[PDB]
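Q: Right, I'll just put the structure down here and ask away after.
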Amino acid sequence: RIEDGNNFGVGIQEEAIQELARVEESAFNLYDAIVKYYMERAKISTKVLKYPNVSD
Amino acid sequence: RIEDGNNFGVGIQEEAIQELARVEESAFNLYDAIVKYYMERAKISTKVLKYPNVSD
Amino acid sequence: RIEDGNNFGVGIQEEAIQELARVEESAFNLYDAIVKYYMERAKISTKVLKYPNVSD
Amino acid sequence: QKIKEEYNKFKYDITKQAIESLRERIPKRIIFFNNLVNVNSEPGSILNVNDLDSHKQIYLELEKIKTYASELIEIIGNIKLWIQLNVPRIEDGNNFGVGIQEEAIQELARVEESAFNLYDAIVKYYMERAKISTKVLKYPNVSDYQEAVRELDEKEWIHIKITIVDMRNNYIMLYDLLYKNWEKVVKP
Amino acid sequence: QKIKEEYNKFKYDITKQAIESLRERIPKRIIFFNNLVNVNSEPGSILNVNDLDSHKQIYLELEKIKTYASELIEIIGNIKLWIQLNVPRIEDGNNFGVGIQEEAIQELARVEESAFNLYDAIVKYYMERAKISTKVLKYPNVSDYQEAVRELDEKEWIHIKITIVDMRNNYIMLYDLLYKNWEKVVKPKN
Amino acid sequence: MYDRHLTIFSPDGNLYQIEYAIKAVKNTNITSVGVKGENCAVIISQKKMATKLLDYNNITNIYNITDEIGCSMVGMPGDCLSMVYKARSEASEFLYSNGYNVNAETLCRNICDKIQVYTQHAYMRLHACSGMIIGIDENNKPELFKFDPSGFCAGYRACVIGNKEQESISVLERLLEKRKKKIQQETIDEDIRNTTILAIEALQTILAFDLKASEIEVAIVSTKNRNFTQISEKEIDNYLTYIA
Amino acid sequence: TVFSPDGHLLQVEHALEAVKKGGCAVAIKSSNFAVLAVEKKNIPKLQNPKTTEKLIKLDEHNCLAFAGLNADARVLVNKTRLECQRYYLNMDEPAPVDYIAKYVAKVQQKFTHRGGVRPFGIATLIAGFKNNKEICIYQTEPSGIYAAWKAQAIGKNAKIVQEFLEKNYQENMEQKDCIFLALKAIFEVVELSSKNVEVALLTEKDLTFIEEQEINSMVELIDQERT
Amino acid sequence: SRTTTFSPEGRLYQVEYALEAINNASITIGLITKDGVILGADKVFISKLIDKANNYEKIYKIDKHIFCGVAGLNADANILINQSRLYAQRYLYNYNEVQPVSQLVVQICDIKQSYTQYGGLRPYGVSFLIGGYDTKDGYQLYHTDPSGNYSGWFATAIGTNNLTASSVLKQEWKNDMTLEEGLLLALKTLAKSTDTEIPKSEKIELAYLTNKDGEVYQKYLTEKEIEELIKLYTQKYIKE
Amino acid sequence: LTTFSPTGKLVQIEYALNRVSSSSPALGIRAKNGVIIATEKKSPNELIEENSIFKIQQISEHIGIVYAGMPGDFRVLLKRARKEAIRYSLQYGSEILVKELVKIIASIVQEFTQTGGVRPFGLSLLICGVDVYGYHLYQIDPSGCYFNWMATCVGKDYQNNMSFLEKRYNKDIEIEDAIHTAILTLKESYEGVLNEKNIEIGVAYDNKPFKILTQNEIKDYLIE
């Protein structure tokens, strides 16, 4: 319960909450990042078929 | 009414509204996010219809 | 374990992590920059074939 | 133990280079750039467009810019690293000098980053000029695209020269800062 | 020995140029810019369109802006450098005078950045007007494009004059600021 | 930071509340120069408001601590009067506790000692004053002692206190050069006419003032006088015409 | 020591957390005696005595067993024995436990109320005698409050050991039965070795200790009880 | 920050820093033998130009039978010693008998307690291995703290490198240690703690009591230590 | 008020040591027939005199003292040094020993460090003189501790001046030989070549009263 004083432990708790939420957000963003990989790679691959001599 | 001092309980009220607004804000953004689902899949699907052999 | 007072040494530990995370993020960023080199060069090189007299 | 011998040799060669740069390399470049853009010039005689004739003239001026940019990064990079190696062990209190050191590293990092950003910006000039020129062939009667080419060269000509002034100003500010604060930079 | 002389000579050349600019070059320009935008003018008589007939007329006006911007950067740049070169060794406490110096450098960089941005802003004028004009050529009966051209020209015409006002007020504020704070700019610790 | 208090050292090892107190003296635009010759020493005031209808005969910067040891406290108008009483009640405390009259060097070293105890303790603030204690001792040798808000029983042969101390050393040096190298062995205790002119010429060289008649009041503590007599106005205006 | 917006204290609430980081001590009352038991841990091969930290005497009929700051206990005890004898000189009677407990609790209460004085970080439990032949095990606190318990424990994890005493505390136990009650509380102290507990049997106005060989015959019964 | 304030865990602010301030000073040692309690400490030097062994600042004298090996802030050391001799002598004036060391540390540690509790003054960053002989319980060796919790010992190594030298005494200290066997042991633990195999003798200094019915309390010189260190060269202890 | 630091030291005391490293340099050397103490009377102009500004002072008939810090703190620690040299000479017969004087002045500097509301002493003393057991040359660090130095320097640039003494000072050196190495270490670190009657040197001079060398006497040694 929120009380005045003796809440050093909630600060301890906050450090745990901060790190736990950070790791989850990082792992959650992998699902969006993998979709981004295929979208850009497919687009560039289409360009190779359209422009077969630009070697880059 | 806002007063100087002895407003520790008001601090609880302010902290609670912030947390309450957070959950409300979180649920409210889902309606726009679902439109984004259809929007992203539809754009990519158009490319699949135009370019059926780029497998990515 | 996180404790109150006599924690000058954890600050030293954190300071080391700050420099380590900075160098790691920079090196991690080298991989995306390499993709950017080839991607930008391929688009510009394509433009030279389309517009062969603009010397710039 | 073999590396320990090799390591001490490395710290000595840097220290030599740092003193050499402050007594000779940095002042010499101050005078060099000053001879190109003299402070006694009347207003408008530096940042003008009177001497402006792909733009073959612009290619050679940027090449000179890249030389000036190269010499700055090479000199400052070792000086910056040297100051970092001179930061004392972290302690609580009686570390006012490390704050001076940090301010110096911050300023040193600012100028190197400033010179580093010149390389991407010069590419933007060629990219922008080429893009506008393509538009003139597709839309030959919109006269403003041709005017845009003219102003771009005039902007770049000014931008080149303000950079040269910025070269001068950066060299002296680095030299002036380390000289005045030399005692706290070496023994914190 | 030549470098020892040349460096002090450089500091001498700056100090002369800085004082010369503040005592002569800046006051002379105050009267110059005032004759272009007189303070006694009634409101709206400056930022108007009464004298408005590519727009060949705006080109000559744009050229003067670039001249004013160049001369401002050159004059202010040496003043800024002079105060920085006059900043004493960093010390803890009794550095109230560096704050006066720092305040001047912060304001000097602000005015310099604003004037520097005019070169980019003029390119935007030609770029935006050219882009809009292409659409007029492609779609000659959609009439809203011609009003858009007009308003763009109207935007640039006022901004040119606002730039002149920005020249005038910054020049006077600089002379007034240095005059009032002259003792702390030269000797911050006596 | 490290400037809001007085008993704290800065990180570079330098006291700042003392340093700010000396700037208080160099801000009240009051300059008082004093010279010491052979068995004759004078002090010149400036008679200006420490910043209409004010009686200009009362505003001054010269106070006598005893009957033979005078001084000239400049600085804040509230701290100078208190330092005179902390000296008047000190030299008067010496004659009762020691019988013989106090010396100029013992008084200045006792004033600087009382000032130093307020530096270590954060109880009170520093007295923003600076005076030139003048007087002669038993050996018939005049002295001079200038003390800033810090501890300083330095003592000079000719000194200048005020807002001009940053560069007023060369002017007092050239004027003492014109008397040492041009010494006159025929001195018949006429130094009250020679040393006083050297002092008024010093203040007139520092401050370019034409007619400083009513705004200059001096004091002579030479032998055969021994009373710290404030020179009248007629003698001041007479001395001001000998510069021709 | 300044009040908080909710009404609680700060140093008095902080110093009360300092006694939690201390060795466990437990005193158990009986009919005509009160066996005390304090558990302390030292470093082997060095530290020659038991240092006689706890089970301090105060008079001929008193026994104090502190818990908390081992350095701050000597000042409270030397300021207690000074009043344990000042009373004897001013009332010609040995100091009863009703006055000592009211005094020790007054010293801590006088420090949290003063200006610029760190409160005592200890909490002792006094087990003495009253005016008649009655035993009343008192127990102070760093806040100043006190209460005459019948079984109490303080120090590291003073809640589960206090909970065990509530489970099997009868009215008037015997001599060995009352020692086994306090000696059954070694579940809080690691390894239950005899080199950690130090009991003391205060009885019939004659304070005495218990030898190391007697606690071995009693701690060995816990091995057959821990299965 | 302030010294008369607590922390939410219960420990103190200034005492935890003061207990760490003595961890930077040079190491000391203590050893109770069958003949007398001996001490020893590494004389930390700043240059090779201080002085000889006629004046050293690590082992002081309290009375004719009590002496402490100080360690920590040398500034607060002399103020406690000037307050320790006044307590070991006031007992002689108030009771006409020597003061036992068990009753001297209580008078010393109670003055440290008074500075860490009320007054708002910085604590004493000094800890010393005070040891002496008495007719009540023989040779004793106590170890103070910047807080006040004194404790009896047999061997302690406060100062810097405590855990390294204290681990040596745990495995190389018998009960009937004589004076010679204790001297070479104290000479070894004072060397291994400083990460050096040989002592330069222009370093570490020792002292001992050796009750001969009159408390001789003989100290050591730079020459008398040379012949003792040579005996450490002929022998070869298991721990360097 | 001075308070402890989390790394285990005093912050306010460490700033006091930064004050003695920025003042006029001093130099104390102990010989086999007395001790010597030098200083650097940096003349600011020709207005001050030589009879008042002193970096060398006396405590008794055989006690010398120099400073290395605040000029205003000269006359305060000297006032209590003389009183403790007088109070000891009242309760006891002979003069005050240097070890009994340093252990008394150090108890005054240390007391002005722990007590709240006061500022630590911004100076480093060098008490030297003849003792009945020989010759001593102590140094009072602003923290309150002291060292029984044999040859040292305490003012500005006390690092290179300390190394210039370790390579130029044997155990047996006479007074006339120590004076030549005293002026040599001053000029090796003092700026400019104006070393001419700007050094005040005191000397114990083999069981004789403290005699401050005059201006016409220091030139006799400076030319060698």
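Residue names in the structure tokens use chain letters A, B, ... in the order shown, residue numbers from 1 in each chain, and ligand numbers from 1 in the order shown.
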Can you write out as a Markdown table which residues of chain D fall within 12 Å of chain F, alongside each residue's closest atom pair and its distance in Å to one decimal, counting only C-alpha atoms and ordering rows by chain and ascending residue number?
A:
```
| residue | atom | partner | partner_atom | distance |
| --- | --- | --- | --- | --- |
| D:92 | CA | F:11 | CA | 11.8 |
| D:93 | CA | F:11 | CA | 8.1 |
| D:94 | CA | F:11 | CA | 5.9 |
| D:95 | CA | F:11 | CA | 7.7 |
| D:96 | CA | F:11 | CA | 6.1 |
| D:97 | CA | F:12 | CA | 8.6 |
| D:98 | CA | F:11 | CA | 11.5 |
| D:99 | CA | F:11 | CA | 11.1 |
| D:100 | CA | F:12 | CA | 11.7 |
| D:183 | CA | F:12 | CA | 11.6 |
| D:184 | CA | F:12 | CA | 9.7 |
| D:188 | CA | F:12 | CA | 10.3 |
```
Q: Considering only C-alpha atoms, give me a table of residues in segment 1-54 of chain A that are at most 12 Å from segment 21-43 of chain B, with the closest atom pair and distance in Å for each, as a tab-separated table.
A:
```
residue	atom	partner	partner_atom	distance
A:32	CA	B:37	CA	11.5
A:35	CA	B:40	CA	10.2
A:36	CA	B:40	CA	10.8
A:39	CA	B:40	CA	10.2
```
Q: Set the cut-off to 9 Å and count only C-alpha atoms: what are the residues of chain H that reach chain C? Output as a PyMOL selection string.
A: chain H and resi 7-9+11-13+16-17
Q: Do you know which residues are at most 8 Å from residue 189 of chain H counting only C-alpha atoms, after dropping those on the same chain fewer than 3 positions away, and could you put them as a list in words?
A: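 Residues meeting the cut-off are residues 165, 168, 169, 185, 186, 192 and 193 of chain H.
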Q: For the structure I just gave you, how does DSSP split segment 26-193 of chain H - specifically, which residues are helix (DSSP H, G or I)? Reply as a PyMOL selection string.
A: chain H and resi 74-95+101-103+105-117+162-171+179-192
Q: Could you write out the selected residues, including C-alpha atoms, as an mmCIF file, in the first residue's frame?
A:
```
data_model
loop_
_atom_site.group_PDB
_atom_site.id
_atom_site.type_symbol
_atom_site.label_atom_id
_atom_site.label_comp_id
_atom_site.auth_asym_id
_atom_site.auth_seq_id
_atom_site.Cartn_x
_atom_site.Cartn_y
_atom_site.Cartn_z
ATOM 1 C CA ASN H 74 47.113 9.754 11.312
ATOM 2 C CA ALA H 75 45.434 13.041 12.215
ATOM 3 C CA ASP H 76 42.743 11.488 14.405
ATOM 4 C CA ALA H 77 45.332 9.073 15.783
ATOM 5 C CA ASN H 78 47.223 11.614 17.899
ATOM 6 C CA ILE H 79 44.001 13.043 19.269
ATOM 7 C CA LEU H 80 42.896 9.658 20.501
ATOM 8 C CA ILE H 81 46.319 8.844 21.911
ATOM 9 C CA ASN H 82 46.358 12.197 23.715
ATOM 10 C CA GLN H 83 42.945 11.119 25.046
ATOM 11 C CA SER H 84 44.062 7.559 25.761
ATOM 12 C CA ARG H 85 47.052 8.417 27.923
ATOM 13 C CA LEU H 86 44.830 10.758 29.915
ATOM 14 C CA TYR H 87 42.548 7.802 30.642
ATOM 15 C CA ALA H 88 45.268 5.305 31.437
ATOM 16 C CA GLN H 89 46.752 7.825 33.857
ATOM 17 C CA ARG H 90 43.542 9.027 35.455
ATOM 18 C CA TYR H 91 42.871 5.471 36.585
ATOM 19 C CA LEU H 92 46.290 5.486 38.208
ATOM 20 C CA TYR H 93 45.433 8.726 39.974
ATOM 21 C CA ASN H 94 41.946 7.646 41.042
ATOM 22 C CA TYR H 95 42.759 4.099 42.117
ATOM 23 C CA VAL H 101 43.268 -3.018 29.012
ATOM 24 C CA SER H 102 39.722 -4.388 29.228
ATOM 25 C CA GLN H 103 38.815 -1.211 31.112
ATOM 26 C CA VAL H 105 39.143 0.217 25.529
ATOM 27 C CA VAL H 106 35.780 0.937 27.121
ATOM 28 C CA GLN H 107 36.998 4.412 27.977
ATOM 29 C CA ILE H 108 38.402 4.881 24.457
ATOM 30 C CA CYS H 109 35.543 3.386 22.459
ATOM 31 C CA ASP H 110 33.052 5.408 24.479
ATOM 32 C CA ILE H 111 34.645 8.599 23.200
ATOM 33 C CA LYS H 112 34.281 7.386 19.610
ATOM 34 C CA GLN H 113 30.629 6.602 20.288
ATOM 35 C CA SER H 114 30.083 10.138 21.551
ATOM 36 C CA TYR H 115 31.301 11.539 18.215
ATOM 37 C CA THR H 116 29.187 9.292 16.006
ATOM 38 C CA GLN H 117 25.955 9.843 17.915
ATOM 39 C CA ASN H 162 42.965 -7.535 5.778
ATOM 40 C CA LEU H 163 41.594 -10.787 4.331
ATOM 41 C CA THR H 164 44.966 -11.792 2.906
ATOM 42 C CA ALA H 165 46.979 -11.478 6.107
ATOM 43 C CA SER H 166 44.165 -12.670 8.364
ATOM 44 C CA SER H 167 43.969 -15.885 6.350
ATOM 45 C CA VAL H 168 47.667 -16.528 6.984
ATOM 46 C CA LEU H 169 47.239 -16.330 10.755
ATOM 47 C CA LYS H 170 44.289 -18.719 10.582
ATOM 48 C CA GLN H 171 46.494 -21.534 9.246
ATOM 49 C CA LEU H 179 58.387 -15.193 21.325
ATOM 50 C CA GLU H 180 60.776 -16.252 18.570
ATOM 51 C CA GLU H 181 58.175 -18.324 16.712
ATOM 52 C CA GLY H 182 55.751 -15.413 16.926
ATOM 53 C CA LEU H 183 58.287 -12.876 15.738
ATOM 54 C CA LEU H 184 59.088 -14.775 12.546
ATOM 55 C CA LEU H 185 55.381 -15.400 11.967
ATOM 56 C CA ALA H 186 54.550 -11.718 12.383
ATOM 57 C CA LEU H 187 57.449 -10.929 10.079
ATOM 58 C CA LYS H 188 55.953 -13.197 7.420
ATOM 59 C CA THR H 189 52.310 -12.099 7.525
ATOM 60 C CA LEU H 190 53.483 -8.499 7.349
ATOM 61 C CA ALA H 191 55.352 -9.327 4.135
ATOM 62 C CA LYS H 192 52.846 -11.523 2.267
#
```
Q: Determine, counting only C-alpha atoms, which protein, DNA and RNA residues have an atom within 12 Å of an atom of residue 53 of chain A; residues of the same chain fewer than 2 positions away are not included. Present the result as a ChimeraX atom specification.
A: /A:47-51,55-56 /C:42-43,45-46,49
Q: I need the chosen residues saved as an mmCIF file, in the first residue's frame, with C-alpha atoms.
A:
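Below is the file selection38.cif, written as the result:
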```
data_model
loop_
_atom_site.group_PDB
_atom_site.id
_atom_site.type_symbol
_atom_site.label_atom_id
_atom_site.label_comp_id
_atom_site.auth_asym_id
_atom_site.auth_seq_id
_atom_site.Cartn_x
_atom_site.Cartn_y
_atom_site.Cartn_z
ATOM 1 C CA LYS A 47 14.545 -4.414 -58.578
ATOM 2 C CA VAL A 48 17.250 -6.946 -59.533
ATOM 3 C CA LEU A 49 14.820 -8.525 -62.006
ATOM 4 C CA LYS A 50 14.008 -5.049 -63.370
ATOM 5 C CA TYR A 51 17.631 -3.782 -63.342
ATOM 6 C CA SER A 55 25.648 -4.992 -59.587
ATOM 7 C CA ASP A 56 25.213 -3.439 -56.119
ATOM 8 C CA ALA C 42 22.669 0.889 -56.434
ATOM 9 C CA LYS C 43 19.868 3.463 -56.734
ATOM 10 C CA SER C 45 24.060 3.972 -60.339
ATOM 11 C CA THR C 46 20.681 3.078 -61.888
ATOM 12 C CA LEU C 49 21.954 4.701 -67.013
#
```
